[PDB]
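Residue numbers (the deposited numbering), protein chains in the order written: chain B, -1 to 346; chain A, -1 to 346; chain A', -1 to 346; chain A'', -1 to 346; chain B', -1 to 346. A prime marks a further copy of an entry chain.
For reference, the structure discussed in these notes is given below.
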Amino acid sequence: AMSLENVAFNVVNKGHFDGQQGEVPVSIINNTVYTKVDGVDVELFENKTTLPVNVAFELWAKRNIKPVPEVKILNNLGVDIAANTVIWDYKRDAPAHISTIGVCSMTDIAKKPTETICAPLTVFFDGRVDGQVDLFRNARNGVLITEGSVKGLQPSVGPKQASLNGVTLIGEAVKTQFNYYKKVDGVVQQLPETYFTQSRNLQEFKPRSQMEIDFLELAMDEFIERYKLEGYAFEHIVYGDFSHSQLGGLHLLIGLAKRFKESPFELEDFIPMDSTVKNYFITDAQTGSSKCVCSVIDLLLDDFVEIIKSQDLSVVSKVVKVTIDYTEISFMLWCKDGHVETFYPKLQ
Amino acid sequence: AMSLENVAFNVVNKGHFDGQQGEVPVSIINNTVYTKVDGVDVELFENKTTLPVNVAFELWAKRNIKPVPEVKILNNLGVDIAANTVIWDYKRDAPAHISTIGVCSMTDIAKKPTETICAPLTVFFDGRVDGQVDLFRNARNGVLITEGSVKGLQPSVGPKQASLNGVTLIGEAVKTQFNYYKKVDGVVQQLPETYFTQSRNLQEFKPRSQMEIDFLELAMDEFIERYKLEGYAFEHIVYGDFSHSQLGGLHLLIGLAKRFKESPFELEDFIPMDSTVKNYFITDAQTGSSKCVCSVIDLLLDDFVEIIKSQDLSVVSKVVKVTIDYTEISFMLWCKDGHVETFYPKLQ
Amino acid sequence: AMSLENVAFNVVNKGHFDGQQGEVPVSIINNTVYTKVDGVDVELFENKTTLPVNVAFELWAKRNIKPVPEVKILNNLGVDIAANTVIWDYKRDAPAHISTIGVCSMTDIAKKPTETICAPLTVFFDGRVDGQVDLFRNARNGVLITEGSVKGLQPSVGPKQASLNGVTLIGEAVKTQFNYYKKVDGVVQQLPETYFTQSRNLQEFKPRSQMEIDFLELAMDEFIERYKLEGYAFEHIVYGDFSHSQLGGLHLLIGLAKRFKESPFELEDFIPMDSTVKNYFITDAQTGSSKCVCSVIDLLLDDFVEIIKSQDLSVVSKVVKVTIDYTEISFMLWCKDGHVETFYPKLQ
Amino acid sequence: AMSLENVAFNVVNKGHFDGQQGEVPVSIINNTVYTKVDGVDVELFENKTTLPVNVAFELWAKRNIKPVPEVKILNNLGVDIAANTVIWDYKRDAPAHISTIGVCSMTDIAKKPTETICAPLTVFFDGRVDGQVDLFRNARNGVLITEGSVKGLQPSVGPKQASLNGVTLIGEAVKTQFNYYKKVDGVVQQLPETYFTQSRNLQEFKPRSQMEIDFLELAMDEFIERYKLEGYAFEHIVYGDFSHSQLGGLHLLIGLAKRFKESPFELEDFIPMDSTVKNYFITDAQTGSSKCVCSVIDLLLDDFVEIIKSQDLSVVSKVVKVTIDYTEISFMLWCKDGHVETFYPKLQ
Amino acid sequence: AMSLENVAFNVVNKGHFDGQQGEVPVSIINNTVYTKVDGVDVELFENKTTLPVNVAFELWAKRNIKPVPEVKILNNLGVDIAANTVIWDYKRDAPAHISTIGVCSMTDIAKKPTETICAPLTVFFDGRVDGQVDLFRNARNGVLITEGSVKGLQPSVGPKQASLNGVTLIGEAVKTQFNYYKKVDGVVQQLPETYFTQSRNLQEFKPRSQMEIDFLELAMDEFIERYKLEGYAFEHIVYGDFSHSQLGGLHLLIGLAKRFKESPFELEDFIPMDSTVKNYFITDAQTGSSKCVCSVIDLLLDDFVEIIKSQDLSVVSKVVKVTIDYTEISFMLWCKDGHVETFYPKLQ
Ligand SMILES: CN(CCO)S(=O)(=O)c1ccc(N)cc1
Ligand SMILES: CN(CCO)S(=O)(=O)c1ccc(N)cc1
Ligand SMILES: CN(CCO)S(=O)(=O)c1ccc(N)cc1
């Protein structure tokens, strides 16, 4: 017996939709949901989605509040819809998937993921919910996550981190590292060897290796010497070049974090979504050096060093493909006289 | 157990709110309420009120679908709020009253009209509903309607006509003529002797007396002769003068109806609401004669003739007060040499 | 090379989208599309849909401007989406279908109806367009219309009338009568033997048989005598009973049309969409007789007479199923002592 | 001392802005202006313009309520802005001009038309207002209207009709025929010899000559015989051809009016504005004959007959330029063997 | 002579409404008020309220700019409306009270608090304004604040802190500690013994006692030992337990502040309003420990220690009622073997 007033009752009393009975008075004005509290309207939700205000409110109330894969991973794995949950995309303030299965009457395409309407879609299944591993076994297309082993199915160990209510974290009190499984047209796929992005923030960046601790503490020249990175263009690629009007390199989040402690800068996130590679229009406040499209990836510095050291440096320009977050990322490698000139996630 | 989905269910299945159980999918987008029918959104309601879309939808669904007094009568009697019903104002596409009593959680000031919050307000009671005559007896301020006598209470016979779902009519299959009662500060008040407006439309005007039949059929000079109206300025007041740039007279709806059959004209209803006297910005299409504020009243021609013939015609200008629809309507009477020059509902 | 400015250019210069090249200045403000003409904004489109303003504008510009089946027929046949066209629903001022195939980048689920995404959906195909009959042969689910025979496919002759730019008409200069075909799960289905609604308006109703001419011209008692309709409750069912507060019968559009010439009435279309059976909240202006849900069907009077005369009148109450516009319409037949009491399209 | 509350006070008490002092409570919600009357909000204005709601309300309140030139004439004369008035465009429910001179603080580019900002703009002056003829003499660019002669200035007699509060009419109680004057770059320009459109409606069309009376009353073949119109394609051009899927001709409003009495049709006004030539997407309800862009002009039939009879009929195709409403209207004349095939206002 | 333009003039020139004369050009677009400055629109106000944009703008301009009681106190005391002022609720960006008395024509229910309409409402009076103490003496229901003594009335010393333009502070240059008085149905009430919340922020929390200084500086075990808090579950209740998926305890703002210096966390304020007890959906970033509804109260640690040490610890579960900010707060006390297990502000 779903209703706007009941969804509102649950939000007010439980912090989210929890299947409780009850109603609270609600008013909708433009794209905002209010509730009456002692005779005054209190805002419960502001719709930032392209869905109707009351439909978006319900999907937000019915969001998954357990640690879930980051939307970038789900997208990279080709997920179209989730089974009996809503993956809320906090970077977009909107549902990660357009349609639902057994969640909301307005967005439901089916009540159960076994309906023939779901057959052409990659359905996301959560092995932590009863019967979901079996639903994955019967579905033609799907992605499954589990905390433990699945008999007969060989796993792909996912990232250490997961999103819990919009907070990306490596769980200590909860499990955030999942086993990933995928099926295309009934066949259990073999997921590829992959690197993972670290999902760190510029403001609260923390090193996750001795190489990363040395990058943030040592001076540019001490570091490049210590890790035998001469001829690998880390001065340009990682540290960044701010001497010309166009900002040079600066494609790794750790290099942006090192710069951030000294001089601030503006990052215009012109396509605000979760993605393996992010594009920013950067303006350096100290120098005035800027770049319209600066691609940034948060790889562990050790992983980036491994990737750049595993390339043939004898060709002027070439595309280097790297599996990161299960997807194929194309990089542009530019070399001269056997040394790197630049290496960046290809803008295509 | 009120809900948006339940109100929508009742509208779809019952044509209005009928206390039935059930829910239908609803989407709200801007000021419109839609419901999903075979996968497509079908509009159920467009909010034209100053209330939130879902609140206005509920009050419209909970509107009184029995013949009820016209909003002009309720306003003239000082009604602030209705008891356990919504009087819908079809001329404004909005509730006739701001707040409610036992109707909607968002607009309710009380569940029962006996709450101390209601004491200062003139509450409208409907004697056709059980216990409402008693609630009027216990209310400090109120207006009561009934189909018959209430022991000890001196009645006031109201208009022949009532509004049934926005259609003003004199009932043949339903009763539309009510007894009216009013109380101010605990004391039953004697309602004045009053005339009533006829509530006719310009497009579908019908005569309701032999004098009105003679006005519409006979020529101007022979009607004035037949009814001894020489010196009463009916040529100006009722027929209208279109020879000058400013349109002369034309203050009785019957005169506008007679003109309408011959030449069309524009009536700009610049304050669109139900009222005993209406003001229009009129432009005559045939002549180009116009008036920014032309006050119009729909009195039965016999009643207007009686009012104008009961005036002392020896003073240049004076205010003539007439009780119409229970309210005092101030007219401006202008005379010269014992004859009427003009008589119009005085523009306040 | 689709654009808002290009769609606007075509609307301004061609009256609709016609694949022409060019751009005109456009401004979007709230739900309205304007274009600059001699320095002033001229409204081109007001969005009444639940789609974004620019998306709805494009689908409306790309509407089918040839005679097409009425949305009620397409709905009754289970149509989900159209192939490479937009069926515009003029009764809802919105696209008849949510998604598109090869029409608009925002609403397209596929470019060609052969994509696996379309397989579960009943796709509408138009045999008047090259290659569409073959696409129907290869589609898993679909409805096809043609002007003539398709080799091997057993036809169903559809209604005489079709919708041309929102005008329902029986074509004289264009063909409006189509052959209909349907497929479910790869199998051509035999469409049932069916009656068709006449799609007439109350305001401009025209008789289409001598029985209908006799109904509108003759008095009630002599029409019933002439057509041997004694004991068939036409006085209640077709003519309508306005003597009580609840309006009796009045379920055939011809009966509403006969009443309309004499006395006006309000029809509140509370679910405004195209459907075989329509529900109205009716209020009779002359009597004040009303009904919250009055189901109305526009059958040719001869067809209704045939249906009611083909029923067993020996049971108190029973459901009578009739195929109209390819759908099963459930009627409620009430009898007493071998005579009809009432017969109405059963309110579901 | 301009204010929203003061503009609202004037609208409520005077029917428009009349420079009166006073304030009324106002509420603005979305694009609508309301005022409180006996505790309920009454709508005063709904913004249909691309200007802010309160700005549009003020310009509408300050509209010219005297007979003024039709917007099509002002546009054809190149008018950009009006001096100390607002010409309200009733066909667009918006101001005819973007900016103002001495009217509203939000839209004013100047307080007086003599400011240097106005010099490049063609300013409209009204000789009926004191000092406006002199302001035209001192303005670099402008259009002037007067009721009589202006010493030394060679006049142009304009149309018989003018717009009074949105009603186009030939004045009997007011003057609607003006003398027209124009200046470009300080130089008074000679306005061309011109025909005028009649500005009639399809629904209330009235003949304005014996030829027009004969067109509406006589049958096609006898009207063509009586007025020696053999070989002039009036059967196609004026009467219209509804035998094929594409509607033939039908370019004169009188021909559309003759057709309208017999069979109804839909005219989709896809560019809703005032113009000498109008374009409609027409669908004939009786036949199903239609045309995406059907250009229509309301010329007096005598004037159209004069234009078509003054053409050389010896060339296959050619552009015929005719001055109508002061603008050059390009027609397309198609001939074969010395007889007209078609003649239509050329679609630009 | 109130107006939108005048309110805007005052905001621009005085920072708020100050009764000055003058007007500035204003434009309203959707929910925003702009003013023209050198030909460009500058935003003055964005409506976040459920009132019309211009009405909300006026009440915000007319807000009380002196230190005033926090809305939580006024709510706890049952205040319905303020006398001749607007208490602006900065936590909701809306007026604290729906209606006004002598402030704005759109929201005024009366001009003076002595009107009979105000009789059933608890009116807030400010003894710092002339005549307000006397108005409290004559009002049936009310709450009065003063800086000094009121003859005959015994006072209730309120919190040290007050809100000055949305900044909660203990005044050094202004007086923020008021004497509170209340009247119900004409009778001067005796306000109860109460604790007060401290109204501190998590980001800028400052200790206000030696116990609070010791809590923030010492380690958990040193503190619990020093203040003899063994068996009082401060490890769970105040410090917080982050070892399990559900976050344990953490109900006092000081404990959240201590945690905040070490590890960040997300507090989803799902009912954003001023209240004695606040509810947050908390997610701990370091551990991933979370709780949908975590009730938080900012009591001085000494006050919380006093409350928990004054309870009978012999019952498994019981409701403990504590007067905080004049209202009764129910806590849930859970004990086992004479020791506290948990104590939290009861979620009811
Ligand atoms: C409860 N209030 C005061 C009534 O004593 S009110 O909410 O402000 C209000 C309610 C109804 C009307 N008609 C007007 C104001
Ligand atoms: C692609 N999708 C599922 C279809 O297999 S959909 O986008 O959610 C959708 C498309 C069209 C209709 N009619 C309904 C749903
Ligand atoms: C002042 N400006 C330029 C005029 O010289 S303007 O504001 O941009 C403008 C004013 C009026 C019209 N019709 C067009 C543009």
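For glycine and all other residues, C-beta sits at the position ideal for the given N, C-alpha and C.
Residue-chain proximity (residue i, chain A), Cβ-Cβ < 8 Å
{"i": "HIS95(A'')", "result": "no"}
{"i": "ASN4(B)", "result": "yes"}
{"i": "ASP124(A'')", "result": "no"}
{"i": "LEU167(A'')", "result": "yes"}
Whole-number beta carbon distance between residue j and residue i, since they are thought to touch under 8 Å
{"i": "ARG90(A)", "j": "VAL40(A'')", "result": "6 Å"}
{"i": "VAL10(A')", "j": "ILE269(A'')", "result": "6 Å"}
{"i": "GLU264(B')", "j": "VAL165(B)", "result": "5 Å"}
{"i": "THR33(A')", "j": "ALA6(A')", "result": "5 Å"}
{"i": "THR120(A'')", "j": "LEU133(A'')", "result": "Rounded, the Cβ-Cβ distance is 13 Å, inconsistent with contact."}
CB contact flag (residue i, residue j, <8 Å)
{"i": "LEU2(A'')", "j": "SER1(B')", "result": "yes"}
{"i": "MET218(A')", "j": "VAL303(A')", "result": "no"}
{"i": "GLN152(A)", "j": "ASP296(A)", "result": "no"}
{"i": "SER293(B')", "j": "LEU214(B')", "result": "no"}
Min CB distance residue i to chain A' below 8 Å
{"i": "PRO118(B)", "result": "yes"}
{"i": "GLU266(A)", "result": "no"}
Partner residues on chain A for residue i, Cβ-Cβ distance less than 7 Å
{"i": "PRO65(A'')", "result": "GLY286"}
{"i": "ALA171(A'')", "result": "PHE240, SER241, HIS242, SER243, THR285, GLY286, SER287"}
{"i": "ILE27(B')", "result": "Chain A residues near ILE27(B'): none, gap ~15 Å exceeds 7 Å."}
Any chain B' beta carbon closer than 8 Å to residue i
{"i": "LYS12(B)", "result": "yes"}
{"i": "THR114(A)", "result": "yes"}
{"i": "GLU21(B)", "result": "no"}
Under the three-state DSSP convention, the category residue i falls into
{"i": "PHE123(A)", "result": "strand"}
{"i": "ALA108(B)", "result": "strand"}
{"i": "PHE55(A'')", "result": "helix"}
{"i": "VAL320(A'')", "result": "strand"}
{"i": "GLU228(B')", "result": "coil"}
{"i": "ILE252(B)", "result": "helix"}
{"i": "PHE221(B)", "result": "helix"}
{"i": "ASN163(B')", "result": "coil"}
{"i": "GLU233(B)", "result": "helix"}
8 Å Cβ cut-off: residues of chain A' touching residue i
{"i": "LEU162(A)", "result": "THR281, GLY286, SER288"}
Beta carbon proximity, residue i to chain B, threshold 8 Å
{"i": "residue 350(B')", "result": "Here chain B' has residues from -1 to 346 only, and residue 350(B') is not among them."}
{"i": "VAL275(B')", "result": "no"}
Amino acids of chain B, ordered along the chain, whose beta-carbon sits closer than 7 Å to that of residue i
{"i": "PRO50(A)", "result": "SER25, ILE26, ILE27"}
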